[PDB]
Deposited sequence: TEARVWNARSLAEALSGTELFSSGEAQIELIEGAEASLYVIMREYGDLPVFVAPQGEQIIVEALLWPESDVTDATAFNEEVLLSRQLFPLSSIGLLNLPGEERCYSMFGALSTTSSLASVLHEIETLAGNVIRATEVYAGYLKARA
């Protein structure tokens, strides 16, 4: 009737991307489980997958705020270039502050939609470093 970390992890495990080992599930058992996806073909990029009532959040880390030469100019450029990355947008997090790439989809989206979002966010993260490299230090 709606996704939870456990049910979503099971569904994802049965897809080709995971059955083939190109990605793997890391479900953290606890009070309420936390789902992580490791994109093996993106250098083991970990992706956080969390249902949250009004949306399913899919998030990955970009680079620390310290790696940005001009945070002021980069912030404005981020808001001007939403078009650059389909289905996901860049954010700022706290622990040192880090730039993230998050996607959001309906709490009742299909498995294919959730899968597509994860795959797209991973590709977007690599694309961010490729299209924003000029703003980085080294």
{"property": "Ranges missing from the model, given as deposited sequence positions", "result": "1 to 3, 99 to 101, 145 to 146"}
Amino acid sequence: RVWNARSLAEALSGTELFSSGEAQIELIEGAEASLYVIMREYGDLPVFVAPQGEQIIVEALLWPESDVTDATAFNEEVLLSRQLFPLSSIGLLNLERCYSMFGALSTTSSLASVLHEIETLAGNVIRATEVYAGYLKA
From here on, numbers count along this sequence of modelled residues.
item: Residue range whose averaged C-alpha B-factor is higher in the record, 20 to 28 or 112 to 120; value: 20 to 28
item: Which of 36 to 44 and 72 to 80 has higher mean CA B factor, as the PDB entry lists it; value: 36 to 44
item: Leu92, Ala60, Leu95, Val49, ranked by C-alpha B-factor: the highest one; value: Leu95
item: B-factor third for the C-alpha atom of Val2 within its chain; value: highest
item: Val131 by Cα B-factor - lowest, middle or highest third of the modelled chain; value: middle
